[PDB]
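The chain below stands alone and is given in structure tokens; this is the form deposited in one PDB entry.
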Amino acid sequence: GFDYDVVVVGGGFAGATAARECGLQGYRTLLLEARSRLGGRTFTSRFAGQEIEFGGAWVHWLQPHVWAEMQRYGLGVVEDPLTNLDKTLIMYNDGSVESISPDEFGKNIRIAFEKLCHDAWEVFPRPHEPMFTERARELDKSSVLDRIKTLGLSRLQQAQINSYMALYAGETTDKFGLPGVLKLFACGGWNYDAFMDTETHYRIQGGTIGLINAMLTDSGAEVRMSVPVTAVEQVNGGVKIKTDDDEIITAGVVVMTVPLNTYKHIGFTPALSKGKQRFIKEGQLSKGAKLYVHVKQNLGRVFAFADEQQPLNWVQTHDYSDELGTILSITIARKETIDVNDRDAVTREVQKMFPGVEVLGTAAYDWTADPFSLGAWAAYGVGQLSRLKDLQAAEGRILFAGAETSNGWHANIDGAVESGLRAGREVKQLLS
């Protein structure tokens, strides 16, 4: 009697995976996507005549779920070559910019990182069960900043590790939950070189959008875009989904894959469990944005860190040449520190870092300003990871997926895929 067997809300990797799992079981499947595009927090675009990535793009074979999908659909890796750096910079909170030899730069960040994750081997024997250990549950009382003050790092190492960690937090390190960082490093084999190789090294052949289209075509599910969901009501043996144009779609089961910071704008009747509402209100930490800057001068191959109080926390050469100039890939930890769609502020901060250059153009994506992300990658605040099962738990015939709800690579494409497989199995148990 329902319009569809299962409705999936959201066309990111969590939604595409769930829709594919449901479709291949023969269920009549519908996916509703708020934007006029798919991919969610993965978005490939173009700038200054080149391909650029505004969100997620990089993967690794140490991430099980996304790698198995690439095997399923015959997609290989595309390498961004490690390359030698000409300059590595650190910008401290005082505003001073230092140029360090790239060989000193790598040694100091590794020392600081390895001391911060010294206990990951003991505390997370099973990174896919983060709360297995007691130590893990007692560490969720502390922030990443709490550990860094005890490590006794030099001024350079602390600025490096704090900038790198502010980037993973999308926020200041005093807000950043400690165990979530150790668990992610545990997922990469408890090893520094293995984990660092997963970061900005390999992209998917055909792009993230190609693998998302592969799964959705394979699912057979009906896909609608520019259809935001505004409310969900639990009916008798199903659910009622209301779109922003007030039309009602009925289904036996509905799967939520929207980012956690967007649940505030969807109404649920009846109300969800209070443990769920708590993560509904708090949200996830990251307030990041992504920015690309085109400069007339050819800076070669540069990398820079800036600490939490400064705007351009992660800068790296995307491409360079004398004819082109330099295209810089920049990640902003916090929205409050700079408006990426304000060019004049962007030009000043690039010039502060690289005095003497004039920006020819800028391309930005402010994920925190976007109504359908309201934040960047998944980052847990202090105490959140221990209550993660409140966010994963099904509420009647409403299932919940998404990178934030995953147990492994929660800050990654892989975590979204993992949650999609779990959601598909929970669909299989309700429809039987």
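Note that residue numbering follows the sequence shown and begins at 1. By rigid core we mean the largest C-alpha set that fits within 1.5 Å across both forms.
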Mean Cα B-factor comparison, 261 to 269 or 217 to 225, giving the higher one as deposited: 261 to 269
Of 50 to 58 and 66 to 74, the one with larger mean CA B-factor: 50 to 58
Top residue by Cα temperature factor, when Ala186, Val254, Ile330, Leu299 are compared in the entry: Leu299
Deposited CA B-factor, highest of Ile109, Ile212, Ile241, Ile148: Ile109
Chain-wide C-alpha B factor ranking for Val8, given as lowest, middle or highest third: lowest
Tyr92 by Cα B-factor - lowest, middle or highest third of the modelled chain: highest
Relative C-alpha B-factor of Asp390, binned into the chain's lowest, middle or highest third: highest
Chain-relative CA temperature factor third for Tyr292: middle
Third assignment of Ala363 from its chain's C-alpha B-factors: highest
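There is also a form deposited in another entry; it is not shown, and the following applies to it.
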Only residue that shifts (Cα, 2 Å or more, rigid core superposed) between this form and the one not shown, among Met225, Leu82, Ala194, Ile248: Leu82
Rigid core superposed: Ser321 CA moves 2 Å or more between this form and the one not shown: yes
